[PDB]
């Protein structure tokens, strides 16, 4: 048995891993069956609804349909940071800042890197920023997400 705060932060870490893998099943497994994710536009401190995802199936579909799939040699990193945690009994609230970066790996030349090529080859770009607010509750073996709010600080377009 580890500290509740660590178990809760572990859930957040598993969330980012699933996010960057675009793994709907790993993502959904972190939530209570009936949990909702409210995604909102927080530019200028607004609270305009982008999408409300009700239940695990809705979450699974959104992992595919609401963010770009990774094309060849692409990845992402969801840099969650500055967590604030308040635990009161069997419920907790976690607020974290987040910033998502796109990662695009250069193709490795068949003839090798030319003389004078050093360091990472590719592009890393910050592509989203905002805050997560998670409500968690206990389960027998740890903690699960019972509700989540995603606040975006850039406008989000869907094609």
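Numbering follows the first chain given and starts at 1.
In this entry, 133-141 has the higher mean Cα B-factor, the comparison being between 133-141 and 6-14. Looking at 42-50 and 96-104 together, the entry lists the larger mean B-factor for 42-50, computed on C-alpha atoms. The maximum CA B-factor among the listed residues 125, 61, 120, 26, taken from the PDB record, is found at 61. For residue 37, the recorded CA B-factor ranks within the middle third of the chain. Only modelled residues enter the ranking.
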